[PDB]
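Residue strings, one per chain:
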Amino acid sequence: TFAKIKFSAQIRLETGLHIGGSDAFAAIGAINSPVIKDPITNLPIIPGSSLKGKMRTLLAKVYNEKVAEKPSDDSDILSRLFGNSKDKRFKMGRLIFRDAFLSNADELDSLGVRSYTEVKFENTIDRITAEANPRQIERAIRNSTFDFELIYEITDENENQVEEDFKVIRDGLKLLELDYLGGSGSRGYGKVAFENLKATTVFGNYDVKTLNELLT
Amino acid sequence: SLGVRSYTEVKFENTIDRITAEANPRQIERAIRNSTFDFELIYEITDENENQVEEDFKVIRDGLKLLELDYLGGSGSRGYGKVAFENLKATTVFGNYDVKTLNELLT
Amino acid sequence: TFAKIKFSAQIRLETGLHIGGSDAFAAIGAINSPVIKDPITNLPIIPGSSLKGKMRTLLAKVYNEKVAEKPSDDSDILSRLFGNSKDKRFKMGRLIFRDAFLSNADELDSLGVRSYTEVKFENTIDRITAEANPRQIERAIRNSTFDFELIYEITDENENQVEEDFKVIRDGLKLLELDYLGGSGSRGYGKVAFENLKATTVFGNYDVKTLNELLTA
Amino acid sequence: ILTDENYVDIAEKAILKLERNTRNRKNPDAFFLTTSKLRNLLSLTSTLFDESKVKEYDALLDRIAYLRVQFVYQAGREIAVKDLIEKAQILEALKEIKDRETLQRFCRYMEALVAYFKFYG
Amino acid sequence: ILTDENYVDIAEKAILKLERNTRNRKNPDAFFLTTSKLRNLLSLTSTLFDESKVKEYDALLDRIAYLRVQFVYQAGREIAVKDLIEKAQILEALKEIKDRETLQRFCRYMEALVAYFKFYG
Amino acid sequence: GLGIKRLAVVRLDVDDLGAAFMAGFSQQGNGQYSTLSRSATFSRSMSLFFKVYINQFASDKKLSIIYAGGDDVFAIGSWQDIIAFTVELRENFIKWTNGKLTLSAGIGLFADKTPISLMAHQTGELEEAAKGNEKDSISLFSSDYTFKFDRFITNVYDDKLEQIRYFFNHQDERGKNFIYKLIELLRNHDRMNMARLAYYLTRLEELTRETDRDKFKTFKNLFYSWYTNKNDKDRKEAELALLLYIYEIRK
Amino acid sequence: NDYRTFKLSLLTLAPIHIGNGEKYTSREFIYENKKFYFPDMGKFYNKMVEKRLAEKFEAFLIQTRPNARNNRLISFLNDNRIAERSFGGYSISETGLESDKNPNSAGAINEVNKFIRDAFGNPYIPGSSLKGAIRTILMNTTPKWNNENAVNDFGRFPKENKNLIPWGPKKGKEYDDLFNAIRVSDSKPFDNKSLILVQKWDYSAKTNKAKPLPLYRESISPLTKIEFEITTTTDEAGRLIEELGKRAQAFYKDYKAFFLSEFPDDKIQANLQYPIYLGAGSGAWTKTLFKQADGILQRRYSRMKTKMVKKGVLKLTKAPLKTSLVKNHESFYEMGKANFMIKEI
RNA sequence: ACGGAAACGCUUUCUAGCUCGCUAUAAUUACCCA
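As a numbering rule, every chain is indexed from 1 in the order its sequence is written, which need not reproduce the entry's residue numbers; residues that lack coordinates are not presented. For this description, chains carry letters from A and ligands carry numbers from 1, given in the order in which they are written. Although these chains sit within a larger assembly, the values stated refer solely to the portion shown. Note that the side-chain values use all heavy atoms of the structure and ignore hydrogens as well as water. Residues with missing side-chain atoms are left out of burial classes, side-chain pairs and their counts.

Its PDB header names cryo-EM as the technique used to obtain the model and reports a resolution of 3.80 Å.

Now the structure itself:
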């Protein structure tokens, strides 16, 4: 068979997220580090490169039994899952991390929210001379959702990695429920929460009855 | 009328090194969301193919049911896909074979 | 292996904190210096950025042997907790300081509180000619609590330095009650406590019971 | 009545329309209205202007209903504030409080009144 | 007035035309108007100019007249900002807000004002 | 480790060697010098320059003259040596040819292991865009960087690049982020960006330390000179000077 | 640890009012027992509209009525029998000496400036109050800071220099910011029933008269103790808080000979501890530089309310007696004369 | 019986790392108006 499987999920923000964007020289008093927004709707967009590369750099610590000097040196548990540039059979690596374009806006404007991107203020104080240095950085608002989805494709090339990859990706989702996923994380941004990890086999003879009993 | 300056956006990107932890930024140019493109696919029917023409029309349709589940582009494992067809009809163009056996299977 | 532990505290205020608000469309005879705010519910929250930048100088007053003159010159007991911008292996900082949210909305409605902020007139009396120059700087109310989350890392590069930095982190927890969490400082505005410490490993295999000795004591 | 695009101008051409001190001819054409007697008007509104954002208007309408009586009372204590509330129709605008956005619009209109009074004299 | 191309020179010689510290020549040719009496105005236009690219024009038209409130108000406190709005035709250009585009253009004019105000000393 | 792993390809062309050969000396005089001996001597001089002497200008510099001669030089190599080799080739060609017969080179940057007929085509495209500029031009890294050579080596590679290099060598606050923002303000450049740059330089003016502060003050005085110069002959020059400096200090 | 804490405790010899700006106006309180009542007037009006007489409430508020015992809303709440007293609010006791020569007027007062209260409804004293009180003492009792707090040749007797004390980043120097090392924390919220609404009482110079004023600010009941946390981290401001025990008595001594002399010491209080002046009504000399604003402070008042000649008129109050702290009859207190003691903990 | 048939400019890559909205600031001053 050929089994493409779609992982419907709800990225709900808490401690609202900022992904970087155009640090091309913006206006004077305006936002210094603006968020990347989808140019049709101007809602915040969490692109798939942040998700895939962040889950790459976080599953580095989990499933690379050896220390990895670079993402080419990922093991053959992650090279088949996130792609690899120098491996023989692990190019085109089976996971299309689709984006999310701020799914709810009829809900988030039903709550009395002016704009979906707050402009939180920040500065820095040097320890010597204590000079201030202010900045206005853009973030998405707190209780947003994000209709995020994966595409895992099973081409009968594996035939044994049915659940050898979902214990990896589900615990990566747990990592992202703990770690920040995007932007100035160590100041406490991002903090996505993954809700309703709904897998559905959009192509293939396959059941989720052995899948969502682990993915909860 | 939706309101956009140019139809090509610049998705900024980088490459955080795994040990050095130094970024490496990119300016990847993309074409913006929900742009609808003219797409036409000329199938041609000969007398030898006339056994499995209707079979092959459940392959091209199945070839576009999968292209809405794959990226149809490049660097498409990080998004850049989900390319969804619409108005997927089947007209006829200089050929006297009725397309009424097909249009309920595509649309 | 790779573990990841969680430090949960309750920032209970005493005469709470003004962290400068966002909107400039303020007022004439009302708030002209608001507090930072979660814009979906307009709650005063404590961001993790003020916590990190306060603890940076508060622990650099203790653990720096050298004078700073700059950031990215901390004494490397902090530069693995708060990160350098320059050191080759210490670009990251392994401490995540999540934004503390105002928790006890339920008990502070039992207390006769109209709204969860206040307007505190704080004028500038001119030292000659005695004329007044008012300001209305808005602060969080006196006894709110905040869910100060915290997340610490454990890798195959932290053999014994998991517990080396804990009494460096706890130095920040019992020196934050020596300083004022950002605000105006010398008019109160920061005296706090950190109730109900419950430290556990939210990821990875690490012990919670032998871990629980040096935190609250 | 006042809407989003006119409420400055509603408070513009009303301020040139009020009378001034025809007598007391030292720095003449000065307002009978004094600045403290207009800050007593605005300070009622400006607390509700920020209470409106946190709360909701249906949990707020009682204080604007009493603020009606407050503008009556401050009008009832002087010959200038009795003149101000109708030469600039604040008591007309106080009958239309229909949502929180109109409430904040009326508060910004009061701020425009204070601003255009401070702009002159 | 303000178009798409002419406003930067307008802001330039509206910074030049402003009068400076003539008496008390302690670092002279310095503005009586303080920079914190300009940045408190431009912090309105910046929170318009970056929340204009998200929204409509006709959703922003509550804050747009509040700009004309606050410019009148801060012009009424110091004589320097009243001098500024006389040199720099701010209130005469706030009538020229008809869409998202001219609003963003006026905010670029305000940024040019603050830029050339910081430029001279 | 300072410098970027590039390889630049220059394709010169003598500007109308067909017209300098066919008509040439016949412009001078009443046909007194419209002889055969002068044309043979001139073409042997072009042969002796472009077929012998290029191995002298390429001697210490690290490159490969793939093809040379007649009215074409296709020389691949490393980009500092390629730029310096074009500099020395024209600055001794106008000593060789008295400033007459200006050469119109085109230098493109190309990454490591990119194919060469893909690369010779782009080099030829930049070459013909430099050809049609005027009588002569250099085209550097793209057809929008098209200057006269008399403007390129004197202003950029002698005046501006050394000021830019010395200004960033003898200080360590303003690293590469400031150079990148200067390049972007040089590249976008509407009327409002001159105001944004006048804000940027003045905001950085009082931010540098007091010791090496007037170096920044004379550099912003010397930078706002060419940025707002109202000519566009002194602006893309400065953007290319900053691009050359960034490529020279690439880590 | 270089953070040298102290602890300042403040007894209230005098009526002490601070802050909060807002007030309850003339027709905005209830006096039917011996206790003043301040409900929420919006809550009161919204409950009174169920009694449907609110249209008369429109005419009651503009009612210019003599014999003001019927003016102050007791007549609205006894003439039409609305006497529920369930309105959300806080009750306080009366002074007793609140009005002079006004029989049955224990309720015909007009304006009560609020004391500062937090969102809980329990009044405290903020540390900005004590720090503003401290800055005048520590400015006048140091001779290097008393010379040029003057015109700066900028306007018409405008303001202080504000530069005699180190202030701000000062880009290029160390961290100076001297007053940041005096971290005057806010007091703990005490009992609600320690408020008296004392009247301002002017005692005129060159006129032996005690003409009172119609502004009864809610002050603090006498002889109550207040806590204050004060920390120090720089040695110079630390030495200033150490030398407070000399500078307070020195400022009060040089302020007595500058101002309090020629005035009779019967109404003037006694110290009995470390004396200090807190806010809202203690005279501008307790809020300024007394030997610097001779003709500079009083130059502004060229109005209907000019300070008599040069220097302010003495301000007194009226509040009942405990323990004496008054040192005469008729209960003329001094409106802001507080006591403190200090000890490093 | 088309220099034509067969040919995805494609694979990998967190716009990231560091940064207190901070520094000074008694809601106060004056004594009255018919």
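Next comes the rest of the account.
*Asks:* Help me get a handle on unusual backbone geometry, residues and values and all.
*Replies:* One non-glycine residue, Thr216(A), lies in the positive phi region at around 55 degrees. As for its position among the elements, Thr216(A) is in the segment after strand 5 (192-203). One non-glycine residue, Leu223(G), lies in the positive phi region at around 60 degrees. The helix and strand labels rest on DSSP assignments: H or I over at least four residues marks a helix, E over at least two residues marks a strand, and numbering proceeds from the N terminus. Tracing the backbone shows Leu223(G) in the loop between strand 9 (212-217) and strand 10 (225-232).

*Asks:* Please provide a residue-by-residue account of the sheet that holds strand 5 of chain A, values included.
*Replies:* All names here are of chain A. Read from one edge of the open sheet, 3 strands run 4-1-5, paired in antiparallel fashion. Where the open sheet ends on each side, the last strands, each with one partner, are strand 4 (147-154) and strand 5. With direction set aside, neighbouring strand axes in the sheet form an average angle of 20 degrees. Across 8 bridges, strand 1 (residues 3-13) lies against strand 4 in antiparallel orientation. Its bridge partner being in strand 4, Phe 7 is matched across the sheet by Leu 150. Every residue pair with non-hydrogen atoms within 4.5 Å of one another is taken to be in contact. Axis geometry follows a simple rule: fit a line to the C-alpha atoms, using only the stretch in contact for helices, then measure angles between N-to-C directions, giving values from 0 to 180 degrees. Sheet strands touched by helix 3 (residues 166-178): strand 1, strand 4 and strand 5. Its angle to strand 5, the strand with the most contacts, is close to 155 degrees. Note on pairing: DSSP must find at least two bridges between two strands before they are called paired.

*Asks:* Give me the lowdown on the interface of chain G and chain C, citing residues and values where you can.
*Replies:* Contacts between the two partners involve 40 residues from chain G and, on the opposite side, 30 residues from chain C. Each partner contributes to the roughly 2900 Å² buried at the junction of chain G and chain C, and carbon and sulfur atoms together form 58% of this total. Of all residues in chain G, the largest losses of buried area upon contact with chain C belong to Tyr3(G), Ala119(G) and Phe120(G), amounting jointly to 21% of the total for that side. Definition used for salt bridges: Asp or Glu carboxyl oxygen within 4 Å of a side-chain nitrogen of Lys or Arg. Along the contact surface separating chain G from chain C lie 3 salt bridges. Its salt-bridge partner being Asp179(C), residue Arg183(G) comes within 2.4 Å of it at the nearest N-O pair. Two N or O atoms form a polar contact when they lie within 3.5 Å of each other; inside protein one atom must be a possible hydrogen donor and the other a possible acceptor, and for residues adjacent in sequence the pair counts only when both atoms belong to side chains. At the surface where chain G touches chain C, the tally comes to 12 residue pairs in polar contact. Summed over both partners, buried area is the accessible surface (1.4 Å probe) that two parts give up on being assembled.

*Asks:* Would you mind going over the packing of helix 6 (residues 100-118) of chain D against helix 3 (residues 61-77) of chain E in detail, with residue names and values included?
*Replies:* Contact geometry for helix 6 of chain D and helix 3 of chain E: axes closest at 8 Å, N-to-C directions at 30 degrees. Judged by the inter-axis angle, helix 6 of chain D sits roughly parallel to helix 3 of chain E. In this structure, the crossing between helix 6 of chain D and helix 3 of chain E has a hand that is left-handed. Residues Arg108(D), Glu111(D), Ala112(D), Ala115(D), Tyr116(D) and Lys118(D) of helix 6 of chain D pack against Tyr66(E), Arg68(E), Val69(E), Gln70(E), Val72(E), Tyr73(E) and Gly76(E) of helix 3 of chain E. By residue class, the composition of the contact of helix 6 of chain D with helix 3 of chain E is 7 nonpolar, 2 polar and 4 charged. An angle below 35 degrees is read as roughly parallel, one above 145 as roughly antiparallel, one from 65 to 115 as roughly perpendicular, and any other as oblique. Whether a crossing is left-handed or right-handed is set by the direction in which the near helix is turned from the far one by less than a right angle, anticlockwise for left-handed and clockwise for right-handed. Residues were grouped as follows: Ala, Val, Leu, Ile, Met, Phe, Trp, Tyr, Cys and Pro as nonpolar; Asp, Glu, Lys and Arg as charged; and all remaining residues, including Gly, as polar.

*Asks:* Can you break down empty space enclosed by the protein residue by residue, with the values?
*Replies:* Residues and elements named next belong to chain G. Buriedness of a pocket was judged along seven lines, with at least five required to meet protein on both sides within 12 Å; pockets are open sets of points on a 1 Å grid over the protein atoms alone, cavities are sets where a 1.4 Å probe fits but cannot get out, and lining residues have an atom within 4 Å of a point. Grid points are joined across faces, edges and corners, and a volume is the space filled by probe spheres set on the points. Reported here for the largest cavity is a volume of approximately 100 Å³. Lining the largest cavity are 13 residues, and of these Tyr 255, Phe 259, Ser 282, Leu 314 and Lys 315 lie nearest its centre. Breaking the lining of the largest cavity down by element, the ones donating at least two residues are helix 5 (244-260) and strand 12 (314-316). Considering only residue class, the lining of the largest cavity consists of 8 nonpolar, 3 polar and 2 charged.

*Asks:* Can you lay out the packing of aromatic side chains for me, pointing to particular residues and giving the numbers?
*Replies:* Residues and elements named next belong to chain A. To pair, rings of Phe, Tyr and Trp, with the six-membered ring standing in for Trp, must have centres within 6.5 Å; the planes then decide the type, stacked if under 30 degrees apart, edge-to-face if over 60, and tilted in the middle. Overall, the coordinates contain 66 aromatic pairs over all chains when judged by the stated rule. For the ring pair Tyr 152 and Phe 166, a centre distance of 5.2 Å and an interplane angle of 70 degrees mean the geometry is edge-to-face. Residue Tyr 152 is found in strand 4, and its partner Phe 166 is found in helix 3; the two are separated by 14 residues along the sequence. Throughout this description, buried means an accessible area under 20% of the type-specific maximum (1.4 Å probe, protein chains only), exposed means over 50%, and partly exposed covers the range between. Residue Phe 166 is classed as buried on the basis of its relative accessible area, which comes to 1%.

*Asks:* A description of a nonpolar patch on the surface should follow, citing residues and the corresponding values.
*Replies:* All names here are of chain F. Taken together, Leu 48, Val 52, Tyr 53 and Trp 96 make up a surface patch of nonpolar side chains, about 350 Å² in accessible area. Within the secondary structure, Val 52 is located in helix 2 (residues 36-57). On the basis of relative accessible area, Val 52 is assigned to the partly exposed category, the value being 41%. Excluding any residue in a salt bridge, patches collect residues exceeding 30% relative accessible area, merging like charges within 9 Å and nonpolar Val, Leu, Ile, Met, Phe, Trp and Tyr side chains within 5 Å. Areas reported as accessible are Shrake-Rupley estimates using a 1.4 Å probe. Residue values count occlusion only from the protein chains shown.

*Asks:* Outline the environment of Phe57(F), supporting the account with residue identities and numerical values.
*Replies:* Residues and elements named next belong to chain F. Summarising the element assignment, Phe 57 is placed in helix 2. The class of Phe 57 is buried, set by a relative accessible area of 6%. In this structure, the C-alpha to C-alpha distance between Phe 57 and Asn 92, residues 35 residues apart in sequence, is 9.0 Å. Apart from the residues lying within four places of it in its own chain, the contact partners of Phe 57 are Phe 49, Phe 85, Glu 88 and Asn 92.

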